[PDB]
$ cat work-v4.tsv   # TSV, C-alpha atoms
chain	number	residue	atom	x	y	z
A	1	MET	CA	-30.09	9.49	4.14
A	2	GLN	CA	-33.50	11.18	4.58
A	3	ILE	CA	-34.19	12.89	1.22
A	4	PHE	CA	-37.37	14.64	-0.01
A	5	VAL	CA	-39.10	14.01	-3.37
A	6	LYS	CA	-41.51	16.73	-4.59
A	7	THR	CA	-44.22	15.96	-7.18
A	8	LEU	CA	-46.09	18.08	-9.77
A	9	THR	CA	-49.31	18.32	-7.71
A	10	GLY	CA	-47.38	19.98	-4.84
A	11	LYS	CA	-46.60	17.10	-2.44
A	12	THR	CA	-43.18	16.06	-1.06
A	13	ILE	CA	-42.30	12.56	0.23
A	14	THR	CA	-39.60	11.60	2.77
A	15	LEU	CA	-37.51	8.82	1.17
A	16	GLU	CA	-34.91	7.24	3.49
A	17	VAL	CA	-32.19	5.92	1.14
A	18	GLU	CA	-28.39	5.98	0.71
A	19	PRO	CA	-25.90	7.62	-1.70
A	20	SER	CA	-25.41	4.21	-3.41
A	21	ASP	CA	-29.10	3.52	-4.18
A	22	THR	CA	-30.19	3.32	-7.84
A	23	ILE	CA	-32.90	5.68	-9.17
A	24	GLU	CA	-35.02	2.61	-10.02
A	25	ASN	CA	-34.82	1.56	-6.35
A	26	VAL	CA	-36.05	5.03	-5.29
A	27	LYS	CA	-39.00	4.71	-7.72
A	28	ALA	CA	-39.92	1.42	-6.01
A	29	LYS	CA	-39.89	3.22	-2.63
A	30	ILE	CA	-42.38	5.83	-3.90
A	31	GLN	CA	-44.47	2.94	-5.30
A	32	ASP	CA	-44.76	1.49	-1.77
A	33	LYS	CA	-45.68	4.87	-0.18
A	34	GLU	CA	-47.89	6.57	-2.81
A	35	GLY	CA	-49.04	3.42	-4.66
A	36	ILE	CA	-47.77	4.12	-8.21
A	37	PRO	CA	-45.68	1.76	-10.38
A	38	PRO	CA	-41.99	2.66	-10.84
A	39	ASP	CA	-42.24	2.54	-14.67
A	40	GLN	CA	-44.56	5.58	-14.32
A	41	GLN	CA	-42.16	7.58	-12.10
A	42	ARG	CA	-39.20	9.65	-13.37
A	43	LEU	CA	-36.65	11.41	-11.12
A	44	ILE	CA	-35.46	14.85	-12.31
A	45	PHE	CA	-32.87	17.06	-10.54
A	46	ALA	CA	-30.95	20.28	-11.36
A	47	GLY	CA	-32.65	20.32	-14.79
A	48	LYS	CA	-31.33	16.79	-15.50
A	49	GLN	CA	-33.12	13.46	-16.07
A	50	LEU	CA	-31.78	10.80	-13.65
A	51	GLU	CA	-31.13	7.37	-15.22
A	52	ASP	CA	-32.59	4.18	-13.66
A	53	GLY	CA	-29.15	2.49	-13.62
A	54	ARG	CA	-27.37	5.48	-12.02
A	55	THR	CA	-27.55	6.01	-8.23
A	56	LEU	CA	-28.07	9.10	-6.02
A	57	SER	CA	-24.31	9.71	-5.58
A	58	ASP	CA	-23.79	9.87	-9.38
A	59	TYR	CA	-25.95	13.04	-9.38
A	60	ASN	CA	-24.31	14.61	-6.28
A	61	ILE	CA	-27.63	14.00	-4.46
A	62	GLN	CA	-27.07	14.51	-0.71
A	63	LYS	CA	-29.43	14.22	2.29
A	64	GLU	CA	-32.57	16.40	2.58
A	65	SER	CA	-32.28	16.91	-1.21
A	66	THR	CA	-35.49	17.87	-3.07
A	67	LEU	CA	-35.77	15.59	-6.14
A	68	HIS	CA	-38.42	16.40	-8.78
A	69	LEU	CA	-40.85	13.59	-9.70
A	70	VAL	CA	-42.34	13.25	-13.21
A	71	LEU	CA	-45.10	10.92	-14.47
A	72	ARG	CA	-44.49	8.80	-17.61
A	73	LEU	CA	-47.29	9.30	-20.17
A	74	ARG	CA	-47.17	7.31	-23.44
A	75	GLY	CA	-49.65	5.50	-25.73
A	76	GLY	CA	-50.42	1.79	-25.19
B	1	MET	CA	-23.70	37.39	-43.74
B	2	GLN	CA	-26.61	36.33	-41.49
B	3	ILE	CA	-26.24	32.92	-39.79
B	4	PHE	CA	-28.68	31.24	-37.36
B	5	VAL	CA	-27.69	29.43	-34.14
B	6	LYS	CA	-30.15	26.85	-32.74
B	7	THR	CA	-30.09	26.13	-28.98
B	8	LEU	CA	-31.39	23.26	-26.80
B	9	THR	CA	-34.78	24.96	-26.25
B	10	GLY	CA	-36.29	25.09	-29.77
B	11	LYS	CA	-34.94	28.66	-30.10
B	12	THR	CA	-32.62	29.88	-32.90
B	13	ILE	CA	-30.78	33.24	-32.83
B	14	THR	CA	-29.97	35.24	-36.00
B	15	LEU	CA	-26.51	36.87	-35.88
B	16	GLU	CA	-24.97	38.95	-38.70
B	17	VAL	CA	-21.36	37.83	-39.29
B	18	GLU	CA	-18.90	37.04	-42.12
B	19	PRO	CA	-16.85	34.07	-43.41
B	20	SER	CA	-13.69	35.61	-41.86
B	21	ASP	CA	-15.17	35.91	-38.33
B	22	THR	CA	-13.62	33.79	-35.55
B	23	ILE	CA	-15.79	31.32	-33.58
B	24	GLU	CA	-14.75	33.17	-30.38
B	25	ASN	CA	-16.22	36.36	-31.90
B	26	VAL	CA	-19.53	34.59	-32.66
B	27	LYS	CA	-19.71	33.22	-29.09
B	28	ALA	CA	-19.21	36.79	-27.80
B	29	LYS	CA	-22.15	37.93	-29.96
B	30	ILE	CA	-24.48	35.29	-28.46
B	31	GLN	CA	-23.21	36.21	-24.96
B	32	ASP	CA	-24.15	39.90	-25.41
B	33	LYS	CA	-27.58	38.96	-26.87
B	34	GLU	CA	-28.46	36.18	-24.39
B	35	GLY	CA	-25.88	36.53	-21.58
B	36	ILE	CA	-24.33	33.00	-21.55
B	37	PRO	CA	-20.52	33.00	-21.22
B	38	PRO	CA	-18.46	32.20	-24.35
B	39	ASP	CA	-16.20	29.62	-22.63
B	40	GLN	CA	-19.39	27.56	-22.08
B	41	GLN	CA	-21.07	28.14	-25.47
B	42	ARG	CA	-20.06	25.33	-27.87
B	43	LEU	CA	-20.59	25.73	-31.64
B	44	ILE	CA	-21.08	22.30	-33.28
B	45	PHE	CA	-21.81	21.93	-37.02
B	46	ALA	CA	-22.53	18.70	-38.98
B	47	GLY	CA	-21.58	16.85	-35.76
B	48	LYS	CA	-18.24	18.62	-35.14
B	49	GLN	CA	-17.18	21.20	-32.50
B	50	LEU	CA	-15.55	24.34	-33.97
B	51	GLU	CA	-12.29	25.82	-32.60
B	52	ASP	CA	-12.24	29.35	-31.10
B	53	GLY	CA	-9.19	30.39	-33.18
B	54	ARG	CA	-10.70	29.17	-36.48
B	55	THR	CA	-13.32	31.23	-38.36
B	56	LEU	CA	-16.66	30.35	-40.01
B	57	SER	CA	-15.06	29.89	-43.47
B	58	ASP	CA	-12.62	27.24	-42.17
B	59	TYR	CA	-15.66	24.96	-41.65
B	60	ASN	CA	-17.32	25.77	-45.03
B	61	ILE	CA	-20.11	27.88	-43.46
B	62	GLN	CA	-22.35	30.13	-45.60
B	63	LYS	CA	-25.31	32.49	-44.98
B	64	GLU	CA	-28.53	31.22	-43.35
B	65	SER	CA	-26.40	28.39	-41.88
B	66	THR	CA	-27.92	26.77	-38.76
B	67	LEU	CA	-25.29	25.94	-36.10
B	68	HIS	CA	-25.90	23.65	-33.09
B	69	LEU	CA	-25.14	25.52	-29.83
B	70	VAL	CA	-24.31	23.49	-26.69
B	71	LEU	CA	-23.50	24.17	-23.01
B	72	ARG	CA	-20.26	22.89	-21.41
B	73	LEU	CA	-20.44	22.05	-17.68
B	74	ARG	CA	-17.76	20.42	-15.48
B	75	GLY	CA	-20.19	19.04	-12.87
B	76	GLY	CA	-23.16	17.12	-14.33
C	1	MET	CA	4.03	9.86	-18.11
C	2	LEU	CA	2.00	7.48	-15.92
C	3	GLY	CA	-1.43	8.85	-16.91
C	4	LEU	CA	-3.38	7.40	-19.88
C	5	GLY	CA	-6.72	6.35	-18.32
C	6	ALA	CA	-10.15	7.88	-17.59
C	7	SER	CA	-8.82	11.47	-17.49
C	8	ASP	CA	-7.47	12.46	-20.94
C	9	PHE	CA	-10.96	11.80	-22.37
C	10	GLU	CA	-13.94	12.69	-20.14
C	11	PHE	CA	-16.20	14.80	-22.40
C	12	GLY	CA	-15.53	14.16	-26.11
C	13	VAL	CA	-15.61	10.35	-25.69
C	14	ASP	CA	-18.66	9.38	-23.56
C	15	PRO	CA	-21.99	11.22	-24.08
C	16	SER	CA	-23.31	9.75	-20.78
C	17	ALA	CA	-21.11	12.35	-19.01
C	18	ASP	CA	-22.79	15.27	-20.85
C	19	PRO	CA	-26.31	15.00	-22.27
C	20	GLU	CA	-25.72	18.41	-23.94
C	21	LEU	CA	-23.28	16.82	-26.40
C	22	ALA	CA	-25.43	13.69	-26.76
C	23	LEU	CA	-28.52	15.79	-27.56
C	24	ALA	CA	-26.49	18.01	-29.93
C	25	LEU	CA	-25.56	15.02	-32.14
C	26	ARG	CA	-29.19	13.80	-31.92
C	27	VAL	CA	-30.49	17.14	-33.24
C	28	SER	CA	-28.15	16.91	-36.26
C	29	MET	CA	-29.23	13.35	-37.19
C	30	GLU	CA	-32.91	14.38	-36.92
C	31	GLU	CA	-32.28	17.18	-39.46
C	32	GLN	CA	-30.90	14.68	-42.02
C	33	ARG	CA	-34.09	12.63	-41.51
C	34	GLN	CA	-36.31	15.65	-42.28
C	35	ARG	CA	-34.65	16.09	-45.71
C	36	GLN	CA	-34.66	12.30	-46.27
C	37	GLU	CA	-38.39	12.09	-45.35
C	38	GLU	CA	-39.69	15.33	-46.90
C	39	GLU	CA	-37.97	14.22	-50.12
C	40	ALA	CA	-38.84	10.50	-49.73
C	41	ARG	CA	-42.51	11.39	-49.14
C	42	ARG	CA	-42.61	13.87	-52.05
C	43	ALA	CA	-41.62	11.07	-54.46
C	44	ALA	CA	-44.10	8.66	-52.83
C	45	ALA	CA	-46.96	11.15	-53.45
C	46	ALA	CA	-46.15	11.76	-57.14
C	47	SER	CA	-46.11	7.97	-57.66
C	48	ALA	CA	-49.26	7.36	-55.57
C	49	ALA	CA	-51.21	9.40	-58.16
C	50	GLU	CA	-50.45	6.67	-60.74
C	51	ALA	CA	-51.31	3.58	-58.64
C	52	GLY	CA	-51.78	4.65	-54.99
C	53	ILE	CA	-54.56	7.26	-54.60
C	54	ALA	CA	-56.88	6.11	-57.43
C	55	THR	CA	-60.31	6.72	-55.83
C	56	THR	CA	-63.23	8.84	-57.13
C	57	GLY	CA	-64.95	9.98	-53.90
C	58	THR	CA	-63.91	11.19	-50.42
C	59	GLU	CA	-62.48	9.18	-47.49
C	60	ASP	CA	-60.46	11.70	-45.42
C	61	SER	CA	-62.64	11.89	-42.27
C	62	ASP	CA	-61.02	9.20	-40.06
C	63	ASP	CA	-57.89	11.35	-39.61
C	64	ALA	CA	-60.02	14.51	-39.28
C	65	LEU	CA	-61.57	12.97	-36.15
C	66	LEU	CA	-58.04	12.14	-34.92
C	67	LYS	CA	-56.71	15.64	-35.71
C	68	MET	CA	-59.81	17.72	-34.83
C	69	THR	CA	-60.35	15.81	-31.55
C	70	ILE	CA	-56.65	16.07	-30.60
C	71	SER	CA	-56.26	19.65	-31.94
C	72	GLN	CA	-58.81	21.02	-29.45
C	73	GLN	CA	-57.80	18.57	-26.68
C	74	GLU	CA	-54.00	18.90	-27.05
C	75	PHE	CA	-54.30	22.70	-27.40
C	76	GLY	CA	-57.61	24.16	-26.13
C	77	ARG	CA	-58.07	24.62	-22.36
C	78	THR	CA	-55.02	26.04	-20.53
C	79	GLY	CA	-56.47	27.77	-17.44
C	80	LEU	CA	-54.86	25.27	-15.04
C	81	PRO	CA	-51.52	23.51	-14.53
C	82	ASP	CA	-52.75	20.33	-16.28
C	83	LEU	CA	-50.25	17.44	-16.54
C	84	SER	CA	-51.95	15.20	-19.15
C	85	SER	CA	-51.22	17.91	-21.76
C	86	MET	CA	-47.49	17.97	-20.87
C	87	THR	CA	-45.52	14.93	-22.10
C	88	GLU	CA	-42.49	13.46	-20.27
C	89	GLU	CA	-40.28	16.29	-21.60
C	90	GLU	CA	-42.98	18.98	-21.33
C	91	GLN	CA	-43.59	18.02	-17.69
C	92	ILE	CA	-39.80	17.80	-17.31
C	93	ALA	CA	-39.53	21.31	-18.83
C	94	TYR	CA	-41.67	22.53	-15.91
C	95	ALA	CA	-40.00	20.36	-13.23
C	96	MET	CA	-36.50	21.28	-14.50
C	97	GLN	CA	-37.44	24.97	-14.72
C	98	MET	CA	-38.24	24.95	-10.98
C	99	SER	CA	-34.98	23.10	-10.12
C	100	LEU	CA	-32.86	25.81	-11.81
C	101	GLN	CA	-35.30	28.75	-12.11
C	102	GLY	CA	-37.47	28.03	-9.04
C	103	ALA	CA	-35.23	28.59	-5.99
C	104	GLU	CA	-37.53	31.21	-4.41
C	105	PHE	CA	-37.40	30.11	-0.74
C	106	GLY	CA	-35.06	32.34	1.31
C	107	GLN	CA	-32.00	31.19	3.29
C	108	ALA	CA	-32.87	27.77	4.78
C	109	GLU	CA	-32.58	25.12	2.03
C	110	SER	CA	-31.81	25.79	-1.66
C	111	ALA	CA	-29.69	24.17	-4.41

$ encode --input "work-v4.tsv" --output "structure tokens"
Amino acid sequence: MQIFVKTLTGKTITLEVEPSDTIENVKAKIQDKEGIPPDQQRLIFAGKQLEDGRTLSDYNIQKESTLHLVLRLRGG
Amino acid sequence: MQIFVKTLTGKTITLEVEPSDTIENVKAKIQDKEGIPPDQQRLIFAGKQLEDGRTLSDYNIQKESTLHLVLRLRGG
Amino acid sequence: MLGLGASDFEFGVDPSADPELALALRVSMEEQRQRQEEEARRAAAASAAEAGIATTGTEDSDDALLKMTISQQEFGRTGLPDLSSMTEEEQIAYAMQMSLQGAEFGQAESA
């Protein structure tokens, strides 16, 4: 399934995954393309925060879907 | 009486009602002020959803009472 | 009947199915904490005057540097879509606003 993930800067990425892939797995894919760790990547969609244990099918995410990408920002 | 209804966006609405008003009537007031449908608006107080046939007095509600509004969706 | 399963209860039993009900109960618990903290701190201040804040001078500048520096940095320049100022929910408030209130494309691909 060729889906698209848009970011906040204004850039979309083509992520080839399946309807049974976990959100954490998708974050790892963006980490291999952009170069950012998955812990610093959140997947939002339809005004809803996607869980790392849930998959793409759990959120009715189909092919060519535009998923929003957020950046984790905490202390440390 | 003047009660306040908080939403999920840090916004509270002030509606003038009475202790003998039905919850369905209050939902209709928020629908005419905001536009959201009543069947979706959910009035929860002290961690308890209120019935549409019951009134505000049945749940021991007084003036300046803050109710927790919620949105019901059968999709995700 | 032959029902009794994951159908009779699919909204008022698991909050994972609806974050609107899970957040609603979280907003109520937070309110009880405000009254339990505003009152718990009020008693801690009246007692601190006896044996807690006994100092004849002035040592309230360390937090002033933390508040003054973050007061102008957290809320000062806003002439650009900065992301460091928006937290995970603030940035989500903007990303979620475009997912529901940002479908201005036309008739080719929209959700």

$ closest_residue --input "work-v4.tsv" --among "C:47, C:72, C:16, C:7" --to "chain A" --atoms "all atoms listed in the file"
C:16

$ atom_distance --input "work-v4.tsv" --atom1 "CA of residue 62 in chain C" --atom2 "CA of residue 78 in chain C"
26.5 Å

$ closest_atom_pairs --input "work-v4.tsv" --of "chain C" --to "chain A" --cutoff "10 Å" --atoms "all atoms listed in the file" --output "Markdown table"
| residue | atom | partner | partner_atom | distance |
| --- | --- | --- | --- | --- |
| C:16 | CA | A:51 | CA | 9.9 |
| C:19 | CA | A:48 | CA | 8.6 |
| C:81 | CA | A:9 | CA | 8.9 |
| C:82 | CA | A:9 | CA | 9.5 |
| C:83 | CA | A:8 | CA | 8.0 |
| C:84 | CA | A:73 | CA | 7.6 |
| C:85 | CA | A:73 | CA | 9.6 |
| C:86 | CA | A:73 | CA | 8.7 |
| C:87 | CA | A:73 | CA | 6.2 |
| C:88 | CA | A:72 | CA | 5.7 |
| C:89 | CA | A:70 | CA | 9.2 |
| C:90 | CA | A:70 | CA | 10.0 |
| C:91 | CA | A:70 | CA | 6.7 |
| C:92 | CA | A:70 | CA | 6.6 |
| C:93 | CA | A:47 | CA | 8.0 |
| C:94 | CA | A:8 | CA | 8.8 |
| C:95 | CA | A:68 | CA | 6.2 |
| C:96 | CA | A:47 | CA | 4.0 |
| C:97 | CA | A:47 | CA | 6.7 |
| C:98 | CA | A:47 | CA | 8.2 |
| C:99 | CA | A:46 | CA | 5.1 |
| C:100 | CA | A:46 | CA | 5.9 |
| C:101 | CA | A:47 | CA | 9.2 |
| C:109 | CA | A:64 | CA | 8.7 |
| C:110 | CA | A:66 | CA | 8.8 |
| C:111 | CA | A:46 | CA | 8.1 |

$ residues_around --input "work-v4.tsv" --residues "range 32-34 of chain B" --least-positions-apart "4" --cutoff "10 Å" --atoms "all atoms listed in the file" --output "ChimeraX atom specification"
/B:13,15,27-28,38

$ calpha_fit_and_write --input "work-v4.tsv" --fixed "chain B" --moving "chain A" --output "compact mmCIF listing (two decimals) with C-alpha atoms, in the coordinates of the input"
# COMPACT_ATOMS: atom_id res chain seq x y z
CA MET A 1 -23.36 37.56 -43.23
CA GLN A 2 -26.70 36.95 -41.45
CA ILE A 3 -26.43 33.39 -40.06
CA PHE A 4 -28.81 31.51 -37.71
CA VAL A 5 -27.78 29.62 -34.54
CA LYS A 6 -30.27 27.04 -33.20
CA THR A 7 -30.15 25.87 -29.56
CA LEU A 8 -31.24 22.67 -27.76
CA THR A 9 -34.42 24.21 -26.28
CA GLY A 10 -35.70 25.02 -29.80
CA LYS A 11 -34.72 28.68 -30.34
CA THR A 12 -32.70 30.17 -33.24
CA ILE A 13 -30.71 33.44 -33.09
CA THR A 14 -29.78 35.76 -35.99
CA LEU A 15 -26.00 36.37 -35.75
CA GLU A 16 -24.64 38.96 -38.22
CA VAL A 17 -20.98 37.98 -38.73
CA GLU A 18 -18.46 37.37 -41.54
CA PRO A 19 -16.68 34.33 -43.06
CA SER A 20 -13.46 35.39 -41.25
CA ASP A 21 -14.92 35.56 -37.71
CA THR A 22 -13.59 33.12 -35.08
CA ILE A 23 -16.00 30.72 -33.31
CA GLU A 24 -15.02 32.35 -29.99
CA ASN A 25 -16.14 35.72 -31.41
CA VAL A 26 -19.53 34.19 -32.36
CA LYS A 27 -19.90 32.84 -28.79
CA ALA A 28 -19.37 36.40 -27.50
CA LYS A 29 -22.16 37.61 -29.82
CA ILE A 30 -24.61 35.07 -28.35
CA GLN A 31 -23.44 36.18 -24.88
CA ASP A 32 -24.55 39.75 -25.68
CA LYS A 33 -27.96 38.65 -27.08
CA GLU A 34 -29.00 35.72 -24.83
CA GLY A 35 -26.87 36.62 -21.78
CA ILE A 36 -24.69 33.48 -21.42
CA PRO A 37 -20.88 33.39 -21.09
CA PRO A 38 -18.92 32.19 -24.15
CA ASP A 39 -17.04 29.51 -22.14
CA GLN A 40 -20.47 27.84 -21.72
CA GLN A 41 -21.33 27.91 -25.46
CA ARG A 42 -20.11 25.38 -28.05
CA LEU A 43 -20.75 25.63 -31.81
CA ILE A 44 -21.47 22.32 -33.61
CA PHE A 45 -22.11 21.92 -37.38
CA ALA A 46 -22.45 18.99 -39.83
CA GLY A 47 -21.76 16.59 -36.92
CA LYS A 48 -18.47 18.40 -36.18
CA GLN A 49 -17.28 20.40 -33.14
CA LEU A 50 -16.09 23.88 -34.22
CA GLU A 51 -12.83 25.05 -32.60
CA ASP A 52 -12.61 28.47 -30.86
CA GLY A 53 -9.50 29.43 -32.89
CA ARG A 54 -11.02 28.42 -36.26
CA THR A 55 -13.39 30.81 -38.08
CA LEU A 56 -16.69 30.33 -39.96
CA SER A 57 -14.97 29.98 -43.37
CA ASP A 58 -12.81 27.08 -42.09
CA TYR A 59 -16.04 25.05 -41.70
CA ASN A 60 -17.56 26.11 -45.06
CA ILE A 61 -20.16 28.07 -43.04
CA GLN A 62 -22.04 30.40 -45.43
CA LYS A 63 -24.85 32.93 -44.84
CA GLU A 64 -28.24 31.86 -43.40
CA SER A 65 -26.43 28.74 -42.09
CA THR A 66 -28.03 26.95 -39.10
CA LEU A 67 -25.26 26.31 -36.52
CA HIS A 68 -26.03 24.02 -33.56
CA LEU A 69 -25.36 25.44 -30.07
CA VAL A 70 -24.28 23.23 -27.13
CA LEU A 71 -23.93 24.10 -23.42
CA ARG A 72 -20.68 23.24 -21.58
CA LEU A 73 -21.39 21.23 -18.40
CA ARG A 74 -18.45 20.22 -16.17
CA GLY A 75 -17.72 19.97 -12.42
CA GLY A 76 -16.24 22.96 -10.54

$ closest_residue --input "work-v4.tsv" --among "A:75, A:29, A:21, A:35" --to "residue 52 in chain A" --atoms "all atoms listed in the file"
A:21

$ closest_residue --input "work-v4.tsv" --among "A:20, A:12, A:60, A:31" --to "chain B" --atoms "all atoms listed in the file"
A:60

$ atom_distance --input "work-v4.tsv" --atom1 "CA of residue 11 in chain A" --atom2 "CA of residue 104 in chain C"
16.9 Å
